[PDB]
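no letters, just coordinates:
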RNA sequence: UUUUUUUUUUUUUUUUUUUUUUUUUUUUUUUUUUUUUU
RNA sequence: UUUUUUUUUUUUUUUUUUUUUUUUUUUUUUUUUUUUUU
């Protein structure tokens, strides 16, 4: 049944929106200031810093960074008669812990935590990707497309584990392998047993993510090495460059700004009654009547900022630019010529230059975002023997194979997925590559 | 965090200034004599000769040079009613060792040693550069600009290693290569292992100093030769003449005279409390209210001597003359027509001719001195995506950059790896004497403390000459 | 040249005897009490506890065992008019450190330390052998004969390393192997490097100890294992049971009681002038005119005690009983029917029962004790292939092969090794086995 | 060191005695009523029912037996002017949990729990032994002597595991084997893994309990069966009837009534200062000046009740009657003609017949109770040298014990390993009912404190009967 | 002519055992009573 | 119909580099002086 899942997610987002309402009440912010992305961003890093129970335990025994008992950051942006000012207001974790506890009807609301931390991962992937660490592990910078969910820490659950990319898992496992190579860390002690356990958990997440049998079997055989040394490093690099084309079935969770939920809940649109979905039309229509204000530099233009915000909201920064333009109805500029910077504001930037303006989120069309792979795969002793089939499959692969047969782009006016329209692009080589 | 580094350097310079105070107390010198550069210079060669533990061990087993048990030199200059007299006062190392130990609160203070020895290297580079050794190794005398930190011996640490120039490392490595060519010194013994170790330490210092990937890779491949013979000699000469334009990111440590620190500490300006920095405004403002006296020949003029002292203090002898003039506000005379000599006084020079006078160190402006490079190396292989991920479920093609996909996988036998000089040549051809560097940074005024608003300089004064030598 | 070695050992033993003279002066003991083995034994454990610089450093950071700042034990035995009384007199290390420093003319005298600690190892091997640890490592108790120098710690030098038995090294290496198996201790850290270094030092000591090429080569190949696991355990057990017959050339250092040296030095017999030797006639003739008193239980007999003391002095507890009887001239009782106990006295034993009496050390003959092996050996991919030659050599070995051709037992009256007498035993099967 | 163990046990028993003091304060009982065994017995079943965390968790999900939220039993006996009355006062666990927590200075005091539960096991073994379960598993009723610590559940730690008898472990393992035979319970699930783990823990407890190598090896080989079926049942029955004579080294923990500790603590005899021991003179001298009152039926005699109480206190119900009589100084009546019943009072017995009187615990002598075995197992394979080392350089043969040298090397295929019962039988035949044990140890007098001089007992009183049952 | 290195708790009651040795939970049992009965 | 684990120091000045980064000793040199001479 799907009604129970819809009711659960509706209750969750209703609690999130009511927490947004209460923070707006408590912060004494104006109506416009309650529609600012920066305030929600800072509040949600406060959120993660309050539920990072592992880091809370680590920092209680580590009193450093000066004035850091329980309070971090808090750069609240406020309006005086047109101008803007930031105040470093410090909030302790514990009261916000109870305000959450009262916001979800006595529950912890860890799932909502997973969705907010994933949405932060989505915005991070949209804005900046780290070839720095990618080459720190020595892997080439050609695979920036598989850094989805890279910023997500381990503390997230299965729902968080679903959206992390294959390359993110590759980086996380190579970190553990290099740590176990630097020092003899795999002893029979509890630490070795626990890192072992985390290793097979991440590995069966990996093998669940893939679709073709060959890569699943070679991941199975990579496990057979009780002592991860150097050979497994190139083995899993080969796995990664095979997943470049033999991509894993990774989900795309549609989370939206902290405000969008709050404005919807404030207006009285109860999500429990009519039901809510995370993959269907829902996050599209909530943005059809949503107003969002944002802060922009004197050199930054808002036109690219709105498109980057739509990237962050719908996690389409790793998709083809042509398709995103089709759903937008307007051309989406690649990152090569974006005359904009990161959404977050640096701690040293002055305030006389900063200017607030609206963001456009309306899209002409809507589409389903399933956790499936291209139809091209369906059309098609050690690790090297399977690398041979990897090579022959890569040779069989073509840049022409059309995927996603039987599905299409839909119009906004339809609610039950009745009749789609088939898109068709013949616009030469505009560039289906967000980076480069 | 940067507060801890500031506190550490403040404590270090406070200890240095207090040691200067105690030497002034012990030497029974007057107020004017405590503001003489020569006294600090001699005292600091005493300093290095007392912490040169390697040379101490070498000389204990080598009792030569006549009366040299523990005492060397010591030409202290003193005033009698206007006139000057030098006394060869000999100080043993050990008591000064304990006076240091009490001056840094029970610590050895080796970092301060590194900064004083670097400052001696700075003054040496400002005064005299050795094409003698540069052609002893046979390298042409055109590269005198890369002799920064040449006088620095190996005993300095990482902080000392940061400021040594690329050419200094080239000279040091060619010395070892020629020694290993003269005799079969790379045997499996401990000496060969230790010289090997020092070799890779100097080489990863080198590759850390560079910025572009091509030179970093060719330095990596130079390492692959287990037996350094003759080919590596021209290989690293090519490396050096490539670094002529593809310069390495070498730091510029701002050390000041032995007295300047002592006068500041004596007045009660504690550096631990307000914090201290080695790159920012700090050494500039301490010289804004510093008085320095110096010794000058009857033919030498003090006007060029003050500018040469500013060179030595701020290690700007290898920079453009126009920029140094802009910060000075007055024209800086190149070494071609400097009617002056070395700061240090020869052991045979008479004293009736010698005359003491003030030095000018005030500068109209101040600027940050980062360990970065210009901007003319970024035209080669660009980055970008190679694959795509389906976000929306739309019936569309999945664009794959296939010809690079084979390139990553491939699976054949590479021909060879020896043509990086070719990219060196093409980068040199791409380089122009017009490319402006250091975008987004500017020269600042003295009255500002937090780097608020700079002023952009602009020189159109023909070809006055941006070359300190020649 | 051999004169320099003789002069060095003579100077060393002269310093030792002068230290014995000064301890007799300082302790205010009588003439008889200066000829007691127990006093010298306690004083020499004080000696080792004062030069155990490693243990000194370990105990300074570990203030335990109640009153233990610098002083340990010290059960000095004294006579009142026939009866005996023990006093627990505590001496600190440091003053005895300087008294040594003045006793060896400003030198540390570490070699003398090695000889005293070896002589303690000799007495320990003579009295009690530990099958407890031998089966703690799981090795069978059949090899008690290779426990020579077992009590010797690592701190001894090359001279100490020469006399340690093959089985002692086997036990020491198995201890390190089991420690490295229990935890991942072979990391790239300094501890792993240092235990590695100690490992090859002990191994080339081992391969120096052996004589035949096959065992030297298999010890060389045992080294090739960078990770000592379980296979090397049985490999080196096979090495040990091969050394059972293919015995290693282990020296036998002839050290004598703390008093014997002191009495000789007190009488004015300077050893520097006439020269001294550790293998030749020397320790034999010094015992020809030496008087020794010892403490005996009311049930213990002195007849077996004197023979056990001769065992401890000449380290002949692992030799054939028949030969030791021949040099003695009297039958030597094996340990099976020795109605005696350990030489050292337990801390709880009462004093009214204890009785002091002389010990006999005179021997009818004298013999050289070289660090060579039996002449029987001269008559004759992995570890198992060499185990094959081990088995065939063992089969070629016979319990009849006579060894030590060209050498014989000598008389006391001869000084320059002129003419020996060939012994010949036909006394059935009296038993050439000290244990069992 | 032994001082730390003595201090720990002294602190533990001091906490126990202080808890007894506080229960006496809270229950408003008189001085005489505080010296009753029944009150302490009921209070200590309350104790075990409060720390039976496993049963607490099982009963919270199982609300049965009527009024049983947190309270069980509680038959407190009280005096009115000579007569006796029982009140069913119900106490919840949780407040007593905190009163313990405050009684042991913030600690849980689980060790004390182990000693009280062992002392309940001791009294149960003294009073009634279950041939009912012994024949439920089908084992003959001849082995009632190995039911020591039978009532002890698994929750006890290593200290509790030490005192459980061999037969108790045999019963516990046969229960698990029969459960695994009834249903396929050894699957790869967590339950199978955990019962497996408990199985090897109980088995290495077993092999630690034994002394001779043969039984230790056959227990090792019993483990090799991954699927415990029927053969292992008779295998371990043979193990048990071998342990009948080849007894295991099982300890005898000397616990005393709940009151005895309380009276000693109340008088101010701190056990931490002077030290306490569980095996030495200690529990003997505390009973030398201890007063105990008990409840007796109108038909029961107190003379046998005092002796049975001494049995329960010192766990001597499985020992020879003659020895217990010697330490007592009076004849100890075997259970065949004991005109008494169980110490605990049935829930339906009336109160007009019940009469309270003193108990005698004074003993003429004292003895150590070590966890060692007799002496009749040392006739088999002896040890000794196999090789020799040449000490003197003499022309002589090197004696080698060749036939054992092949035996150590060998290199063939062993026939089988299932004939250890054969050595069991031959050892049993070698065993005699005459072999005297415990050489070098004797019975001591009360006046001695440091184990100075014993007296050797000697019994020639025919066949009075060294068998408590039958 | 062959040599003083230190890494988290051991040992002289004694001669071939013993360990300074430890709070885990899985579907219904038991105090009318002492060797049967379900 | 698929899920909150914690182990010794990191990060919001910024968008693809830079590192919070460090006292080793091997057979005769150098302050008459600034680019030669041995």
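Sure thing, it's come through. Residues are numbered from 1 along each chain as shown, chains lettered A, B, ... in the order given.

can you give me the strands in chain A?
For chain A, the strands defined by DSSP state E occupy A:75-80, A:83-88, A:293-296, A:355-358, A:365-366, A:410-411.

so in that sheet, which strands flank the second one, and in what orientation?
The one in question is strand A:83-88. In the sheet, strand A:83-88 lines up against strand A:75-80 (antiparallel) (DSSP bridges).

okay if I get the strands of chain A as a markdown table plus distance to RNA strand E?
Where C-beta positions appear, they are placed from N, C-alpha and C, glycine not excepted. Below are the strands of chain A laid out as a markdown table (distance: least, CB to the nearest atom of the strand, whole Å):
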| stretch | distance to RNA strand E |
| --- | --- |
| strand A:75-80 | 46 |
| strand A:83-88 | 45 |
| strand A:293-296 | 55 |
| strand A:355-358 | 60 |
| strand A:365-366 | 50 |
| strand A:410-411 | 52 |
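
could you dump those into CSV with mean neighbour count and distance to residue D:263 added?
Putting those into CSV (neighbours: other CB atoms under 10 Å in any protein chain shown; distance: least, CB to CB, whole Å) gives the following:
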stretch, mean neighbour count, distance to residue D:263
strand A:75-80, 15, 70
strand A:83-88, 13, 68
strand A:293-296, 19, 80
strand A:355-358, 14, 83
strand A:365-366, 20, 85
strand A:410-411, 16, 88
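
distance to residue A:398 added to those strands, as JSON lines?
Formatted as JSON lines, those follow (distance: least, CB to CB, whole Å):
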{"stretch": "strand A:75-80", "distance to residue A:398": "50"}
{"stretch": "strand A:83-88", "distance to residue A:398": "52"}
{"stretch": "strand A:293-296", "distance to residue A:398": "42"}
{"stretch": "strand A:355-358", "distance to residue A:398": "44"}
{"stretch": "strand A:365-366", "distance to residue A:398": "28"}
{"stretch": "strand A:410-411", "distance to residue A:398": "28"}
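
do you know which of those lies nearest residue D:303?
Smallest distance to residue D:303 across the strands of chain A (CB to CB): 87.2 Å, for strand A:83-88.

distance of the residue of chain A most remote from its centre relative to residue A:387?
Distance to the chain centre peaks in chain A at residue A:381, reaching 37.4 Å (criterion: CA atoms, centre = their mean). Distance from residue A:381 to residue A:387, counting by CB to CB, to the nearest Å: 12 Å.

do the same with residue A:50
Distance check for residue A:50 against residue A:387: by CB to CB, it reads 46 Å.

got it, and residue A:101?
Distance from residue A:101 to residue A:387, by CB to CB: 52 Å.

repeat for residue A:346
Taken as CB to CB, the span from residue A:346 to residue A:387 is 45 Å.

over to residue A:246?
In this view, residue A:246 and residue A:387 are 12 Å apart by CB to CB.

who has more neighbours, those two?
residue A:246 (23 against 19; other CB atoms under 10 Å in any protein chain shown).

contact partners for the more buried one?
By CB atoms under 8 Å, 6 or more residues apart in numbering or on different chains, the contact list for residue A:246 reads A:210, A:211, A:212, A:215, A:377, A:390, A:393.

which positions in the stretch 201-350 of chain A make contact with RNA strand F?
A:341, A:342, A:344, A:346, A:347, A:348, A:349 (CB under 7 Å from any atom of the strand).
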